[PDB]
Amino acid sequence: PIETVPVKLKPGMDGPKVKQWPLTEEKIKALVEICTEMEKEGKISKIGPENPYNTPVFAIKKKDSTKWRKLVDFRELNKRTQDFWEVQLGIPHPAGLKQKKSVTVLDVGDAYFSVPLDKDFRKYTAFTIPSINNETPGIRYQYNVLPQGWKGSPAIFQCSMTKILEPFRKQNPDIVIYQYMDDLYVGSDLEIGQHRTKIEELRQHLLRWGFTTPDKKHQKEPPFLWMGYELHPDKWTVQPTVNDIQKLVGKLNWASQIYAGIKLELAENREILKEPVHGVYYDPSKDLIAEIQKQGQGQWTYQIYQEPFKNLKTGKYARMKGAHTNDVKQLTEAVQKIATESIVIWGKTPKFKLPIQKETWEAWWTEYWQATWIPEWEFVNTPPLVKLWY
Amino acid sequence: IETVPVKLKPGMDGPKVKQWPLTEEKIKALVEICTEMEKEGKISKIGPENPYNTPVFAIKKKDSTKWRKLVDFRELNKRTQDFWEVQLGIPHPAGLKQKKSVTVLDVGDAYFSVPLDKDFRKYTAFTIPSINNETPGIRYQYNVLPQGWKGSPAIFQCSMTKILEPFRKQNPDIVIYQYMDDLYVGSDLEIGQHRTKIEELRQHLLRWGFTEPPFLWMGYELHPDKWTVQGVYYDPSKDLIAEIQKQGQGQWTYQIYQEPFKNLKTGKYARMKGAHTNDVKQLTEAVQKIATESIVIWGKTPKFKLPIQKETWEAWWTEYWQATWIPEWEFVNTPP
Ligand SMILES: N#CCCc1ccc2c(S(=O)(=O)n3nc(Nc4ccc(C#N)c(Cl)c4)nc3N)cccc2c1
């Protein structure tokens with residue numbers, strides 16, 4: 001139903017005619033049954049001898065299942081297809097951005113097989129399954145939909161997803177939609193009934209565009225535990241020799257986000273882990289406030305919050321390994337780093353509450369040789385002085 | 001009309017550059033501009049089959065009701081064809097420096113009128129990002145001659161000369177120079193006469209264009225003779241460099257030269273407005289002034305050496321930029 005995306009191969013390159021070798025009889029019968037079912041569903045098509053291209057195929061026994069899955073080695077074709085649009089995107093911030101009252105999840109497992117493929121590129125997906133004992137030529141097929149394991153299937157699927165869901169987001173700017181693994185997560189601030197009607201409308205929309213989402217309600221629990229972050233409608237939490245030190249350092253770094261106080265330091269780590277914590281979500285109407293604490297020895301701890309006692313985020317900044325580094329220089333690097341992180345995560349740089357005297361920064365600028373970015377800030381009386389001396 | 005064939009430098013692929021994150025209001029303004037452009041048919045969406053990327057961001061000119069979109073075609077300009085020595089266009093007049101008055105004008109809409117070659121439109125794709133990495137950005141490509149690309153003036157040369165003949169024939173001393181969108185009108189007369197002639201040329205252009213933008217009519221004045229006079233020679237082949245340094249109490253000192261220890265030009269700048277408290281604002285204004293001065297004096301915008309941290313400059317240079325183009329800059333982290 002959706003329009004196909006034209007795609008070609010790298011110039012000066014030809015289709016895969018790689019030789020294949022015979023397989024087992026039960027495996028070939030399973031492959032025949034799977035191919036017949038796909039032909040019934042339209043995901044596959046028959047091609048005559050005019051197409052000389054051939055690609056390997058093999059069956060893998062599913063874990064604790066009678067049926068075997070078909071897998072086609074696309075390693076040779078992955079170097080034939082043109083380059084696709086790859087995006088170097090970092091993992092989204094731990095849900096710090098915005099809040100939705102109610103959340104539902106849906107399944108899009110079959111959607112990977114509902115996207116039509118380009119007509120010019122179909123004949124390159126040719127694979128053969130030889131008959132038993134090869135007394136007669138085997139059966140040759142090519143895909144009419146996106147094939148699994150192909151290089152360009154994820155990018156095409158993502159673009160199709162975005163183009164399908166653009167109008168729905170246009171009509172309802174309040175409702176947020178994300179796609180994690182095979183689960184489409186929808187979040188809304190509206191009431192239960194309105195959210196239900198909107199979800200049914202979205203399901204009918206996706207059916208109209210051909211993508212399949214089951215009627216049966218998904219069994220996923222409210223704690224989604226996505227990317228090591230326990231996610232709840234109101235709050236969020238972090239996950240509860242030569243190689244042993246790196247593992248411990250990594251496990252200590254992740255726990256420093258919402259379990260504030262992470263710095264014989266094993267005892268303090270165990271003590272702070274015993275205290276449950278939580279983090280509220282960002283609110284757009286209220287402005288952001290970031291507070292700084294000088295822990296010492298080149299370490300700073302920053303807390304981002306809207307209102308006091310409700311932290312949006314917590315983090316730690318450490319000085320760069322050099323011969324000498326001034327205290328105010330570390331402070332400025334920390335504040336600009338927090339500003340950049342807030343720009344990425346929320347979009348608006350926050351105002352700061354720093355334990356520094358106003359004239360100190362003015363003297364610093366009069367003395368500094370580079371150019372630094374300084375936002376408006378309000379001094380707060382805190383025991384750390386960080387006067388910078390002289 | 002029939003389109004003009006353009007190509008690339010052989011052995012060179014298209015540009016792919018990462019897009020830096022932007023704030024909320026900048027993204028809203030960019031979305032509005034791009035929606036208007038797509039309604040006008042000068043911008044079209046693309047799928048994932050195009051692996052070429054180019055940054056885009058919004059600036060704000062003085063007295064702007066809406067931001068202005070700006071694209072960083074530096075990678076393409078480096079990687080596009082040698083289309084400007086065989087089709088060089090017009091050599092820069094040597095009269096720009098001696099006159100007392102020169103006024104800048106914007107002619108971007110005339111560029112937007114004429115269409116581009118089809119088999120090149122893939123290389124001018126840009127991407128508007130999203131906040132919190134929530135969704136992939138929105139991708140676009142140009143259907144007409146783009147702004148900030150040096151191929152547009154080279155292609156438009158003929159139409160530009162066709163409409164510039166009467167004014168130049170009126171009096172040979174008043175000269176016109178083109179550089180990207182910028183159109184410099186140079187005269188050595190009184191301010192009133194210069195302004196009247198500038199307005200005459202403005203509605204001359206408006207009368208030629210069948211399709212009165214407030215941004216188009218806005219321009220600023222520059223006085224080359226006000227500068228110090230005190231280079232011995234200049235080599236067009238070599239690329240020149242301009243170094244910026246910070247002097248106390250919001251002062252800045254810039255040196256333009258092709259070879260070290262031989263200053264082609266030296267200058268100082270300062271403005272004690274009170275909104276100067278941002279160092280990046282003062283640096284951006286200084287760098288724009290230096291680049292405009294070099295463009296009046298010489299053909300091309302120079303290379304720049306910025307005394308600033310990489311990430312701070314990268315994050316806080318966009319909002320204070322006001323020019324129509326982007327120079328090439330390099331960061332220095334060693335004190336003098
Ligand atoms: N698995 C899994 C998780 C699914 C998910 C959802 C959204 C994401 C967004 S997001 O843009 O759609 N988004 N998120 C929130 N916060 C929020 C509030 C309440 C609940 C509940 N219950 C939830 Cl799951 C999220 N606010 C906005 N705007 C962005 C990035 C990454 C995401 C991953």
# chains A, B, ... in the order shown; residues from 1 in each chain; ligands from 1

call {"tool": "residues_near_ligand", "arguments": {"ligand": "ligand 1", "cutoff": "9 Å", "atoms": "only C-alpha atoms and all ligand atoms", "output": "VMD selection string"}}
result
(chain A and resid 91 to 105 175 to 181 183 to 188 222 to 227 229 231 to 236 281 to 282) or (chain B and resid 131 to 135)

call {"tool": "closest_atom_pairs", "arguments": {"of": "chain B", "to": "chain A", "cutoff": "9 Å", "atoms": "only C-alpha atoms", "output": "JSON lines"}}
result
{"residue": "B:18", "atom": "CA", "partner": "A:88", "partner_atom": "CA", "distance": 8.1}
{"residue": "B:21", "atom": "CA", "partner": "A:344", "partner_atom": "CA", "distance": 6.3}
{"residue": "B:22", "atom": "CA", "partner": "A:347", "partner_atom": "CA", "distance": 7.2}
{"residue": "B:23", "atom": "CA", "partner": "A:347", "partner_atom": "CA", "distance": 4.6}
{"residue": "B:24", "atom": "CA", "partner": "A:347", "partner_atom": "CA", "distance": 5.1}
{"residue": "B:25", "atom": "CA", "partner": "A:347", "partner_atom": "CA", "distance": 8.5}
{"residue": "B:47", "atom": "CA", "partner": "A:159", "partner_atom": "CA", "distance": 6.7}
{"residue": "B:48", "atom": "CA", "partner": "A:85", "partner_atom": "CA", "distance": 5.1}
{"residue": "B:49", "atom": "CA", "partner": "A:84", "partner_atom": "CA", "distance": 5.3}
{"residue": "B:50", "atom": "CA", "partner": "A:85", "partner_atom": "CA", "distance": 6.2}
{"residue": "B:51", "atom": "CA", "partner": "A:85", "partner_atom": "CA", "distance": 4.3}
{"residue": "B:52", "atom": "CA", "partner": "A:85", "partner_atom": "CA", "distance": 7.5}
{"residue": "B:53", "atom": "CA", "partner": "A:85", "partner_atom": "CA", "distance": 8.8}
{"residue": "B:131", "atom": "CA", "partner": "A:344", "partner_atom": "CA", "distance": 6.2}
{"residue": "B:132", "atom": "CA", "partner": "A:345", "partner_atom": "CA", "distance": 4.5}
{"residue": "B:133", "atom": "CA", "partner": "A:92", "partner_atom": "CA", "distance": 5.3}
{"residue": "B:134", "atom": "CA", "partner": "A:92", "partner_atom": "CA", "distance": 6.7}
{"residue": "B:135", "atom": "CA", "partner": "A:178", "partner_atom": "CA", "distance": 7.8}
{"residue": "B:136", "atom": "CA", "partner": "A:87", "partner_atom": "CA", "distance": 8.0}
{"residue": "B:245", "atom": "CA", "partner": "A:369", "partner_atom": "CA", "distance": 8.1}
{"residue": "B:246", "atom": "CA", "partner": "A:369", "partner_atom": "CA", "distance": 6.2}
{"residue": "B:247", "atom": "CA", "partner": "A:369", "partner_atom": "CA", "distance": 7.7}
{"residue": "B:248", "atom": "CA", "partner": "A:366", "partner_atom": "CA", "distance": 6.0}
{"residue": "B:249", "atom": "CA", "partner": "A:366", "partner_atom": "CA", "distance": 6.4}
{"residue": "B:250", "atom": "CA", "partner": "A:366", "partner_atom": "CA", "distance": 8.4}
{"residue": "B:277", "atom": "CA", "partner": "A:374", "partner_atom": "CA", "distance": 8.3}
{"residue": "B:278", "atom": "CA", "partner": "A:373", "partner_atom": "CA", "distance": 6.3}
{"residue": "B:279", "atom": "CA", "partner": "A:371", "partner_atom": "CA", "distance": 5.5}
{"residue": "B:280", "atom": "CA", "partner": "A:371", "partner_atom": "CA", "distance": 6.7}
{"residue": "B:283", "atom": "CA", "partner": "A:371", "partner_atom": "CA", "distance": 8.1}
{"residue": "B:307", "atom": "CA", "partner": "A:370", "partner_atom": "CA", "distance": 5.5}
{"residue": "B:308", "atom": "CA", "partner": "A:371", "partner_atom": "CA", "distance": 5.1}
{"residue": "B:309", "atom": "CA", "partner": "A:371", "partner_atom": "CA", "distance": 7.4}
{"residue": "B:311", "atom": "CA", "partner": "A:340", "partner_atom": "CA", "distance": 8.8}
{"residue": "B:312", "atom": "CA", "partner": "A:373", "partner_atom": "CA", "distance": 6.8}
{"residue": "B:313", "atom": "CA", "partner": "A:372", "partner_atom": "CA", "distance": 8.4}
{"residue": "B:315", "atom": "CA", "partner": "A:340", "partner_atom": "CA", "distance": 7.4}
{"residue": "B:316", "atom": "CA", "partner": "A:373", "partner_atom": "CA", "distance": 7.7}
{"residue": "B:333", "atom": "CA", "partner": "A:370", "partner_atom": "CA", "distance": 8.4}
{"residue": "B:335", "atom": "CA", "partner": "A:369", "partner_atom": "CA", "distance": 7.4}

call {"tool": "write_last_selection", "arguments": {"atoms": "N, CA and C atoms", "output": "compact mmCIF listing (two decimals), in the first residue's frame"}}
result
# COMPACT_ATOMS: atom_id res chain seq x y z
N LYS B 18 27.58 15.15 9.98
CA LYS B 18 26.68 15.01 11.12
C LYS B 18 26.01 16.35 11.42
N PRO B 21 22.95 19.17 17.43
CA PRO B 21 21.64 19.42 18.04
C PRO B 21 21.33 20.91 18.13
N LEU B 22 20.04 21.23 18.14
CA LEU B 22 19.56 22.60 18.20
C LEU B 22 18.54 22.74 19.32
N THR B 23 18.22 23.98 19.66
CA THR B 23 17.28 24.27 20.73
C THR B 23 15.85 24.04 20.25
N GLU B 24 14.88 24.41 21.08
CA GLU B 24 13.48 24.21 20.72
C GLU B 24 12.99 25.26 19.74
N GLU B 25 13.23 26.54 20.05
CA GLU B 25 12.71 27.61 19.20
C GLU B 25 13.36 27.59 17.82
N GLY B 47 13.64 10.13 0.81
CA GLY B 47 13.59 8.92 1.60
C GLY B 47 14.93 8.59 2.21
N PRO B 48 15.12 7.33 2.60
CA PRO B 48 16.41 6.92 3.18
C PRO B 48 17.44 6.50 2.15
N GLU B 49 17.08 6.44 0.87
CA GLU B 49 18.01 6.00 -0.16
C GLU B 49 19.11 7.02 -0.43
N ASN B 50 18.97 8.24 0.07
CA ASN B 50 19.99 9.26 -0.12
C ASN B 50 20.87 9.29 1.12
N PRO B 51 22.12 8.82 1.05
CA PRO B 51 22.99 8.81 2.24
C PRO B 51 23.73 10.10 2.50
N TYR B 52 23.44 11.17 1.76
CA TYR B 52 24.15 12.43 1.89
C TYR B 52 23.42 13.35 2.86
N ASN B 53 24.19 14.04 3.69
CA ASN B 53 23.65 14.90 4.74
C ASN B 53 24.35 16.24 4.72
N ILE B 131 14.53 16.78 19.34
CA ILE B 131 15.03 16.90 20.71
C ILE B 131 14.92 15.56 21.42
N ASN B 132 15.91 15.29 22.28
CA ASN B 132 15.98 14.07 23.09
C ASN B 132 16.12 12.81 22.24
N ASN B 133 16.58 12.94 20.99
CA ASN B 133 16.75 11.80 20.09
C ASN B 133 15.45 11.02 19.95
N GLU B 134 14.32 11.72 20.08
CA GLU B 134 13.03 11.05 20.16
C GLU B 134 12.69 10.33 18.86
N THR B 135 12.81 11.03 17.73
CA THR B 135 12.58 10.46 16.41
C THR B 135 13.71 10.89 15.50
N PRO B 136 13.94 10.16 14.40
CA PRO B 136 14.86 10.66 13.38
C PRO B 136 14.38 11.98 12.80
N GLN B 245 42.53 37.29 18.29
CA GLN B 245 43.04 37.21 19.65
C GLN B 245 42.25 38.18 20.52
N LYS B 246 42.17 37.87 21.81
CA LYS B 246 41.35 38.62 22.75
C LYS B 246 42.22 39.55 23.58
N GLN B 247 41.89 40.84 23.57
CA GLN B 247 42.53 41.86 24.38
C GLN B 247 41.57 42.32 25.47
N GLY B 248 42.14 42.76 26.59
CA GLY B 248 41.34 42.99 27.78
C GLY B 248 40.24 44.02 27.58
N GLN B 249 39.19 43.90 28.39
CA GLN B 249 38.06 44.83 28.37
C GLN B 249 37.36 44.76 27.01
N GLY B 250 36.99 43.53 26.67
CA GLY B 250 36.19 43.26 25.50
C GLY B 250 36.78 43.69 24.18
N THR B 277 28.50 41.28 27.22
CA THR B 277 29.00 40.44 28.31
C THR B 277 29.24 39.02 27.85
N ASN B 278 28.47 38.56 26.86
CA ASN B 278 28.77 37.30 26.21
C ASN B 278 29.99 37.46 25.32
N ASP B 279 31.02 36.66 25.57
CA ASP B 279 32.22 36.72 24.75
C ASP B 279 31.94 36.22 23.34
N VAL B 280 31.05 35.24 23.20
CA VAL B 280 30.76 34.68 21.89
C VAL B 280 30.07 35.70 20.99
N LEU B 283 32.82 37.95 19.71
CA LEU B 283 33.64 37.21 18.75
C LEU B 283 32.92 37.03 17.42
N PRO B 307 40.17 31.94 18.90
CA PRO B 307 40.63 31.71 20.28
C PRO B 307 39.46 31.38 21.20
N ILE B 308 39.01 30.13 21.14
CA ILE B 308 37.84 29.69 21.90
C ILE B 308 37.85 28.18 21.98
N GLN B 309 37.21 27.63 23.01
CA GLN B 309 37.06 26.19 23.13
C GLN B 309 36.14 25.66 22.03
N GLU B 311 33.88 23.06 21.86
CA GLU B 311 32.47 22.76 22.11
C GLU B 311 31.68 24.02 22.44
N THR B 312 32.28 24.94 23.20
CA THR B 312 31.57 26.18 23.54
C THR B 312 31.27 27.00 22.29
N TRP B 313 32.27 27.17 21.42
CA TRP B 313 32.05 27.88 20.17
C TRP B 313 31.00 27.18 19.31
N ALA B 315 28.58 25.26 20.19
CA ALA B 315 27.24 25.37 20.75
C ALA B 315 26.68 26.78 20.64
N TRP B 316 27.52 27.80 20.83
CA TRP B 316 27.03 29.17 20.95
C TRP B 316 27.59 30.11 19.88
N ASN B 333 44.26 26.26 20.90
CA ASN B 333 44.18 26.07 22.34
C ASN B 333 45.51 26.33 23.04
N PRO B 335 48.15 29.31 24.36
CA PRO B 335 48.31 30.76 24.56
C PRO B 335 49.52 31.29 23.80

call {"tool": "select_by_dssp", "arguments": {"residues": "stretch 152-363 of chain A", "states": "alpha helix (DSSP H)", "output": "mmCIF file with C-alpha atoms, in the first residue's frame"}}
result
data_model
loop_
_atom_site.group_PDB
_atom_site.id
_atom_site.type_symbol
_atom_site.label_atom_id
_atom_site.label_comp_id
_atom_site.auth_asym_id
_atom_site.auth_seq_id
_atom_site.Cartn_x
_atom_site.Cartn_y
_atom_site.Cartn_z
ATOM 1 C CA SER A 153 15.565 -3.411 5.742
ATOM 2 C CA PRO A 154 15.908 -1.383 8.997
ATOM 3 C CA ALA A 155 16.342 2.033 7.349
ATOM 4 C CA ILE A 156 13.479 1.452 4.906
ATOM 5 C CA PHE A 157 11.290 0.225 7.754
ATOM 6 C CA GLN A 158 12.107 3.276 9.876
ATOM 7 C CA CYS A 159 11.328 5.689 7.038
ATOM 8 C CA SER A 160 8.063 3.870 6.356
ATOM 9 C CA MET A 161 7.164 4.059 10.056
ATOM 10 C CA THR A 162 7.796 7.803 10.139
ATOM 11 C CA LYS A 163 5.838 8.476 6.947
ATOM 12 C CA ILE A 164 2.926 6.376 8.224
ATOM 13 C CA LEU A 165 2.767 8.091 11.604
ATOM 14 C CA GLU A 166 3.391 11.690 10.484
ATOM 15 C CA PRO A 167 -0.323 12.561 9.965
ATOM 16 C CA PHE A 168 -1.372 10.918 13.239
ATOM 17 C CA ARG A 169 1.159 13.000 15.154
ATOM 18 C CA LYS A 170 0.001 16.041 13.174
ATOM 19 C CA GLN A 171 -3.620 15.611 14.273
ATOM 20 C CA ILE A 192 -8.604 6.691 30.204
ATOM 21 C CA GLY A 193 -11.590 6.771 27.855
ATOM 22 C CA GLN A 194 -10.132 9.348 25.471
ATOM 23 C CA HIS A 195 -6.838 7.457 25.379
ATOM 24 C CA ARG A 196 -8.697 4.231 24.579
ATOM 25 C CA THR A 197 -10.560 5.837 21.668
ATOM 26 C CA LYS A 198 -7.316 7.324 20.353
ATOM 27 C CA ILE A 199 -5.589 3.939 20.576
ATOM 28 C CA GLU A 200 -8.404 2.270 18.632
ATOM 29 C CA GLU A 201 -8.186 5.051 16.041
ATOM 30 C CA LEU A 202 -4.432 4.479 15.742
ATOM 31 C CA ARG A 203 -4.981 0.735 15.341
ATOM 32 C CA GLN A 204 -7.510 1.328 12.562
ATOM 33 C CA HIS A 205 -5.095 3.777 10.913
ATOM 34 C CA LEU A 206 -2.264 1.243 10.963
ATOM 35 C CA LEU A 207 -4.602 -1.432 9.604
ATOM 36 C CA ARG A 208 -5.551 0.916 6.758
ATOM 37 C CA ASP A 244 37.298 -7.040 37.422
ATOM 38 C CA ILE A 245 38.108 -3.356 38.018
ATOM 39 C CA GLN A 246 36.413 -2.172 34.802
ATOM 40 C CA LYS A 247 33.212 -4.084 35.595
ATOM 41 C CA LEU A 248 32.986 -2.536 39.063
ATOM 42 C CA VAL A 249 33.728 0.970 37.761
ATOM 43 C CA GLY A 250 31.052 0.596 35.089
ATOM 44 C CA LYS A 251 28.466 -0.700 37.548
ATOM 45 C CA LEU A 252 29.291 2.191 39.884
ATOM 46 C CA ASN A 253 28.942 4.837 37.160
ATOM 47 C CA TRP A 254 25.419 3.797 36.105
ATOM 48 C CA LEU A 266 32.411 -0.292 49.102
ATOM 49 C CA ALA A 267 30.597 0.332 52.393
ATOM 50 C CA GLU A 268 29.221 3.709 51.297
ATOM 51 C CA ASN A 269 28.058 2.203 47.995
ATOM 52 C CA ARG A 270 26.200 -0.566 49.826
ATOM 53 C CA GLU A 271 24.719 1.974 52.249
ATOM 54 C CA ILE A 272 23.470 4.292 49.506
ATOM 55 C CA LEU A 273 22.051 1.401 47.463
ATOM 56 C CA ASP A 327 38.984 25.563 40.166
ATOM 57 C CA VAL A 328 36.931 28.149 38.282
ATOM 58 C CA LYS A 329 38.008 26.578 34.986
ATOM 59 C CA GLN A 330 36.587 23.234 36.125
ATOM 60 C CA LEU A 331 33.439 25.017 37.305
ATOM 61 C CA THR A 332 32.935 26.633 33.898
ATOM 62 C CA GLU A 333 33.598 23.399 32.018
ATOM 63 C CA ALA A 334 31.059 21.673 34.263
ATOM 64 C CA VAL A 335 28.384 24.325 33.779
ATOM 65 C CA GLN A 336 28.795 24.441 29.998
ATOM 66 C CA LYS A 337 28.712 20.633 29.856
ATOM 67 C CA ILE A 338 25.461 20.638 31.834
ATOM 68 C CA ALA A 339 24.078 23.310 29.504
ATOM 69 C CA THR A 340 24.905 21.223 26.424
ATOM 70 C CA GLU A 341 23.409 18.105 28.004
ATOM 71 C CA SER A 342 20.235 20.024 28.857
ATOM 72 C CA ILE A 343 20.055 21.310 25.278
ATOM 73 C CA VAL A 344 20.244 17.740 23.983
ATOM 74 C CA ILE A 345 17.813 16.338 26.549
ATOM 75 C CA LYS A 358 29.766 37.488 41.187
ATOM 76 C CA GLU A 359 32.970 39.540 41.039
ATOM 77 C CA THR A 360 35.067 36.367 40.759
ATOM 78 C CA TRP A 361 33.775 35.599 37.263
ATOM 79 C CA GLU A 362 34.244 39.218 36.169
ATOM 80 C CA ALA A 363 37.867 39.137 37.329
#

call {"tool": "closest_residue", "arguments": {"among": "A:242, A:221, A:264, A:237", "to": "residue A:312", "atoms": "only C-alpha atoms"}}
result
A:237

call {"tool": "residues_around", "arguments": {"residues": "stretch 181-189 of chain B", "least_positions_apart": "4", "cutoff": "8 Å", "atoms": "only C-alpha atoms", "output": "tab-separated table (two decimals) with N, CA and C atoms, in the first residue's frame"}}
result
chain	number	residue	atom	x	y	z
B	96	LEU	N	36.65	48.47	-5.16
B	96	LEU	CA	35.82	48.44	-3.96
B	96	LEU	C	36.44	49.19	-2.80
B	99	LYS	N	36.52	53.62	-2.77
B	99	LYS	CA	35.31	54.42	-2.65
B	99	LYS	C	34.94	54.66	-1.19
B	100	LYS	N	34.12	55.68	-0.97
B	100	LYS	CA	33.76	56.05	0.39
B	100	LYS	C	32.57	55.25	0.90
B	101	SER	N	31.71	54.75	0.01
B	101	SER	CA	30.49	54.10	0.44
B	101	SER	C	30.22	52.83	-0.36
B	102	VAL	N	29.77	51.79	0.33
B	102	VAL	CA	29.37	50.53	-0.28
B	102	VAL	C	28.23	49.93	0.53
B	103	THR	N	27.17	49.52	-0.16
B	103	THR	CA	25.95	49.03	0.48
B	103	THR	C	25.68	47.60	0.03
B	104	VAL	N	25.31	46.75	0.97
B	104	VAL	CA	25.03	45.35	0.69
B	104	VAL	C	23.54	45.16	0.44
B	105	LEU	N	23.21	44.25	-0.48
B	105	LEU	CA	21.84	43.90	-0.79
B	105	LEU	C	21.71	42.39	-0.90
B	106	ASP	N	20.49	41.90	-0.66
B	106	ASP	CA	20.17	40.48	-0.72
B	106	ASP	C	19.37	40.19	-1.98
B	107	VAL	N	19.82	39.20	-2.75
B	107	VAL	CA	19.16	38.84	-4.01
B	107	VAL	C	18.87	37.34	-4.03
B	108	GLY	N	18.65	36.75	-2.85
B	108	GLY	CA	18.47	35.31	-2.77
B	108	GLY	C	17.26	34.80	-3.51
B	147	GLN	N	20.84	28.59	-1.72
B	147	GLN	CA	21.60	29.69	-1.15
B	147	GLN	C	22.88	29.17	-0.51
B	148	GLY	N	23.86	30.05	-0.39
B	148	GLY	CA	25.12	29.69	0.23
B	148	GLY	C	25.96	28.71	-0.56
B	153	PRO	N	25.50	31.76	-8.04
B	153	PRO	CA	25.92	32.96	-8.78
B	153	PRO	C	26.53	32.65	-10.14
B	173	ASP	N	31.28	54.80	-12.83
B	173	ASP	CA	32.00	54.81	-11.56
B	173	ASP	C	31.30	54.01	-10.47
B	174	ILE	N	29.97	54.01	-10.43
B	174	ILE	CA	29.25	53.19	-9.46
B	174	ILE	C	29.34	51.74	-9.90
B	175	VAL	N	29.90	50.88	-9.04
B	175	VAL	CA	30.16	49.51	-9.46
B	175	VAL	C	29.29	48.56	-8.65
B	176	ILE	N	29.11	47.35	-9.17
B	176	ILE	CA	28.36	46.29	-8.51
B	176	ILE	C	29.20	45.03	-8.52
B	177	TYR	N	29.29	44.37	-7.37
B	177	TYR	CA	30.05	43.14	-7.24
B	177	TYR	C	29.09	42.11	-6.65
B	193	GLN	N	22.56	60.91	-1.97
B	193	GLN	CA	22.56	60.44	-3.36
B	193	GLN	C	22.78	58.94	-3.43
B	194	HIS	N	23.69	58.41	-2.61
B	194	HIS	CA	23.92	56.97	-2.59
B	194	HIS	C	22.67	56.22	-2.18
B	198	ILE	N	20.51	53.60	-4.33
B	198	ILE	CA	20.29	52.26	-3.81
B	198	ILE	C	18.81	51.90	-3.87
B	324	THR	N	24.93	35.62	5.57
B	324	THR	CA	24.23	34.67	4.71
B	324	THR	C	25.06	33.45	4.36

call {"tool": "select_by_dssp", "arguments": {"residues": "stretch 36-169 of chain A", "states": "strand (DSSP E)", "output": "ChimeraX atom specification"}}
result
/A:44-46,58-61,68-71,102-107,127-129,139-143

call {"tool": "residues_around", "arguments": {"residues": "residue A:299", "least_positions_apart": "3", "cutoff": "10 Å", "atoms": "only C-alpha atoms", "output": "list in words"}}
result
residues 263, 293, 294, 295, 296, 316, 317, 318, 319, 330, 331 and 334 of chain A

call {"tool": "residues_around", "arguments": {"residues": "residue B:55", "least_positions_apart": "2", "cutoff": "9 Å", "atoms": "only C-alpha atoms", "output": "number ranges by chain"}}
result
B: 17-20, 53, 57, 70-73, 125-128
